[PDB]
Every structure is written in structure tokens, then in C-alpha cells.
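Here we start with a single chain on its own, the form deposited in one PDB entry, put down as C-alpha cells.
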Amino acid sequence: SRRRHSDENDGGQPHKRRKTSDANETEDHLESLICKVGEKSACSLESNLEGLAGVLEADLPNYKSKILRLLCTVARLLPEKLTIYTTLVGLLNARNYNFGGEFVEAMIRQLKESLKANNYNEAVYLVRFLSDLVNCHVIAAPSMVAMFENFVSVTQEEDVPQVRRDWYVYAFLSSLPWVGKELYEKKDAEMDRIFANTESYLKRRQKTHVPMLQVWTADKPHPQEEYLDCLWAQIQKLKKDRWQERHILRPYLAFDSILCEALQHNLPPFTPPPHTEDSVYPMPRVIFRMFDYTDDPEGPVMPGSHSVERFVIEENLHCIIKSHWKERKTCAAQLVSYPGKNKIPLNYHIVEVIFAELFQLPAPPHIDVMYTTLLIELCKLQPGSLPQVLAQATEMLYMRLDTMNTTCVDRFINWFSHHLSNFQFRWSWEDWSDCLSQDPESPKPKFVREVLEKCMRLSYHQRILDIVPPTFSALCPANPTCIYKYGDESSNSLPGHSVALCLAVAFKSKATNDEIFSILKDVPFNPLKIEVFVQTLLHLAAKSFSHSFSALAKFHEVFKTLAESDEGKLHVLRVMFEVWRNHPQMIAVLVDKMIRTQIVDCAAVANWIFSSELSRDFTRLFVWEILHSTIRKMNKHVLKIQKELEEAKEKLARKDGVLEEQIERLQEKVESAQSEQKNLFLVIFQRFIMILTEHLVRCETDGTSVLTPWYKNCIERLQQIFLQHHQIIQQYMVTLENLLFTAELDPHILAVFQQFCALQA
């Protein structure tokens, strides 16, 4: 009846398997091949692209998904290699139509994700990639013309920010140097139409942001143009030139035969993702410009300010730094090996793009110090030609100091002095003699003074006095000695003189807090008590930074007691400054320790910065360095408490009870931290508004000119608060608009708040 399977096998499946390949290893190898194509090779680029297209094609059956992944990534992460990868995709497309169609779908997909996650800067690379794929017979030009139509239509939405409209326009005009010719060849009537729309929009845009973002206000020798006005002139010059440009390298031109055989794909209609309350767009920009061909008469002719070559070159070099900024040797190497269709003065472009980055407003793309070490690496790499370009560039930045934005001037000062410290401080000071007979308050003599102060901080007083010509001695910094009020100046009649003597004797034999408190009771909130204590203590620790930190620590209890009140914190700072006014660096490090150990707080320091005692030094760099350092500590404190609260919640997913209570107490400390930060900004703005108003009202009443050196500095320091902390300050719109920067505010001051608003409007 019933029968088990016979020929008694269990089906004959393999009993064992030997591992003969590895998916990861293959995927890593593919990624390496894709990332490396275009690098130096014994074989030509074209040769390597055909080979690679062959290796990739043969791996499609098993790794297509991966290969697609890799090429999209290269598309958004390596824009400087654009035409290399579009060529590669073009080869794949010619061999495989489905792959191409599939790649294009993957690209539009990724584009939409980037846009939704507010990754607009990457999105532009993706868009440029789609554009160049038209040259590689992968995408039909009319479908590209059509997507750009929807882009420009963004200029049409109602109730959306200028920066949103702006981007879409930018991504479109941006692509034209790559695909301008093709799109205008196939659809010239319709391209003329979009240029009409686009143009009318540019004319309509507001330029409220421009003064906040220019590196120089002066129109000559080079205007610093708003980024879209400039790009539009470049495109318009490209159009007059029949869409011929002389720079971009296009490896696909060598595959004319293969690519003409292939079949194109159409892009689907594209709906720009609608603006939502959560969307964030790039800030507008002003094009940094300092060179023209006359600056390099011996070199190949420099492309003009209004050529698409200048735009592409600079774009690619910024992208090179973005890819390699963490590794300076590699970064320098990539910059110097940047290729092009025709010869260009590469050393001028590199130097110009680096300064474009360091001087960018609101902020450089990367930490300021990187630019210094990068330019040093480039000087070692190109020792025969790059240093002369950098010296020349320096002489040019100097000569144009007069309308340079304060924020940039600070960076120029910090860069130049740090650079010089790497080269024995060698510089031709007499070239800058013009500055010796100008008002000491004007930008040039001010810059020279601040530079020499910085150089002294990287060495020492006598060194600096020794390297400048005798005629610059007036601009040299003071000997950083401390001033002891109760020293050997026969002034026994000063109040607390004898208490100061007791204090000194007690410190020198090693005092305790209780002992110091005891002596201080003999003083007539007690300002005089603070004065004698601080004067004597700082004086006895004057030898070095760590002697001083040591004193602040040892007698921390006395500081915290004497400065419990707000007037106490203020008086400590005031007396500290009377002691160490000749030594700004010591002032900075002491203010830092006092805040970190709560002898004083951020509000006290803000008030102190704007106090009458600091008035003579108010336009000096060290003052603004201290203020910003104080703000940075407030900001970092808030972040730290936020981070701790986020991890307590994340960890919540007796042990429970204890954690919930800790969360509650953390939430309570965040609100307190955030309120302290808001106050600090509020105080800073209130003081700026009050002292700017005093100036403007006095000048207009008295019939004198508003625009003085003092004013240039004060208005731009206010500007500078907004530039460095805009993300934080945007949290305070309602308060600022209602209570500080109101409609009645003198327009000179209001304008700065408006310029700030114009960054994300």
C-alpha cells in the first residue's frame, strides 16, 4: 500500500558548498575602479573609459544595482569629475539601453531626495550631470529643455522666498556651459522664451543682501557682483559666442562613433517639490573678484570676469577643495593638476579661489586655518611660480583695504601674520609706507598695527620691533608688561594702599582664602576691596599664563565672593583690564578662565565690552575676539545640554523612574541655558543700537559726517554678529522685530537687520 521514496535519496541537493567569490570584495573593487578612473595612468583617459565600460557591462548581471548606486554617488559627490562619469554612463548606455534608462531614473529619484532633505548644493551637481548626459546621447534635449522650464516656473509660485526661486534659476543657468549649445540647437525659440522669463525675474529680484555680503564696497578695480547677475552676464556672453566655450574637457567627443549609435532617453515631467515651512535654501552669494588678465601679462590670457570659463574653472576648484580639504597635501596636489582644454593661468585661479573661500560672507566653507596651511603646501609644491603670485595677491589685498568688510579684514590679518610666522616674518614693509602718513584710524595703518600685534603673539615683542623698519616703530605693539597700581610709585595716599601691602606680603608667604578675606575686611559689593585684591593678585602672578590661572584657581573662593553681584563681576573685569591693558592676549585668556569657572558670566563680559573703560580700544581686534569667544562658549554650552537631554530620552527605550526625573531636570536646564543665550544676544544688540544711535543722532544734530572710521567699524561689527550666528539669531525674529529692530529705528541700523533677513528670504 503506502511506499516511501525509493532509490533512497533525499533529492540530491549539494551537501556542502565551497566559497569561490565574495560579493563585498567585488563591490569594493568596482567602487575602486569607478572612483579612480581619470587618475594618472600609463594609458589615456579614453582608453581607460572604454575598458571600464567593458568591465562594468560584464558585471551587470549580478552587480547592476551596486553599479547604479556607485555612479549616482559619483554623480553627486564628484562634480569636478563630471564629464568623465557622464562619458562613462554614455558608453554603458550605448552598450545597454535599459541600464541607461535605469540610471536616469535613479538620478531623478536621488535628485528628489536631495531636494527634500534640503541638500540643494548637491542637487545642483545632479542637475548638471543630467544636463551633460544630453551631450552623451543619453538624454533627449527637448526633455531637458522641458525640465528647465518647470525650474524657471518656480519664479512663479506665490508666497515663497526669493532664495527658493533663486536656486532653481541658478541650477538652470549653471548647467548651460555644459549643454547650452545642444539645447539651443534643438529648441532655440523655446530657449529664447525661458531666457525672457528668467531675465524679467532677475530684473525683479531684490538686492538687499548685497552690502552685507561683498568683500569690498568699492566698484574699482573690480565690482563684487551678486551671484546671479554675474552668471547671467556670463551666459549672455556664451550666447553671443554661439555657445562655444574654450575650457571644459569632454571625453565623449572621442566617442563620437559609439555615442551616435546609441539611443536617448526622455526625462519625465518634473514637479519641483513644493516649498514647505521646513525647507531651507542656500543663502545668496557675491562673487569674489581680484584678478584680471592685466595682473598676469606673462601668462596665458586670463579668461574674463564675464566668461563661462572663469565660472567653470572656479566652480571646479571649489569642488576640489570640498573633496580634499581634510588632507592638505592631496588637496594641493589635485588643485595643481587641474586640467583644461586650453592653457590658463592656474596659479592665479588657485590663489583667487582660496581667498574667495577665506573671505566668503557669512563664513568660509571650512575652518579658517586650513586655508593657511593649504597655501603653504601649494608654495612647497610649486616653489618656482606660486609664491610670487601669492606675494602679488597680498600686495593687492593691502592696496584695496579701504572698502574691505571688517569681518574679512580680521581673516586677512589672521592669515597673513600666521603665514609670515612660517617664514621668519619676512616681508617688505617699506612697500606699505603709504600707511605711515595716513590717519592711524584708517584701514591700512590699522591693518598693519593689528598684523604686528598678531605677529608678536606668535613670537615676542623684541622680535617684532627688530623685523620692521625703524619708521614703523610707531605701528609696533606695546611691551606687554602689567601695570601695578600700588607698585613702587610713592603714592602712599591712594585708598587701600596699606591693605595692598598686607595682601602682597600675605600672597608672597603663601596665603589661604580665609587669610585674604581677613585682610580685606580692613578696606573702607565693595569696589575698593575688589580693586586691591585683583591688582595685587594679578601683579604677583604676572610672570606667565599658568601662574595666573593658578592664582585664579587658588583664590577662586575670593573671586566668587567678591563678584557674587553683577556690579562685582563688572568691577573684576574693569580692574583686570587696568592691570593688563598692554597685554591683550592675557586679557583674552583670563576672561576665558573667569567665564569657564564662573567668576564672571557672559552678560557681564558683553556689558564690559561696551563699557566706557573700553571705549578707546573698541575698534581693536582683540576686543571682538574676546566677545566672539564668549558667545561661542554660550552656544557650545546650550548644545552640550541639548545633547545630554537627547541621549537621556534616547536611553529611555526604579531605573525608569530615576531616568525620567533626570530628563525633567535636563529639560529644565535646557530652557534655562537657552534663555541665557537669548539674553546675551539681546544685550549685545541693545548696546549696539544704543551706541550707534548716539553717534548718528549727534552727527546729524551737529551737522558732521556720519561716516567715520569709528562708525565703519561699529556698523560692521554689528553686521558681524549677524553673519557669525545667523542660525541662532533666526530663533529670535519675533523678539528682535518687536522690541529691538523696530520700524522707527534709525534706518542705518535697521538696514543691517534687513540685510540679515534678506539672507533666508
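From 1 onward, residues are counted along the sequence shown. In this text, the rigid core denotes the largest set of C-alpha atoms whose superposition between the two forms falls within 1.5 Å.
The same protein also has a form deposited in another entry, omitted here; what follows describes it.
Core-based superposition between this form and the one not shown shows that, of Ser385, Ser442, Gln667, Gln424, only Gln667 has its Cα displaced by 2 Å or more. For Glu31, a C-alpha deviation of 2 angstroms or more is recorded between this form and the one not shown after rigid-core alignment. For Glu395, a C-alpha deviation below 2 angstroms is recorded between this form and the one not shown after rigid-core alignment.
Once the rigid core is overlaid between this form and the one not shown, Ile467 does not reach a Cα shift of 2 Å, moving by less than that.
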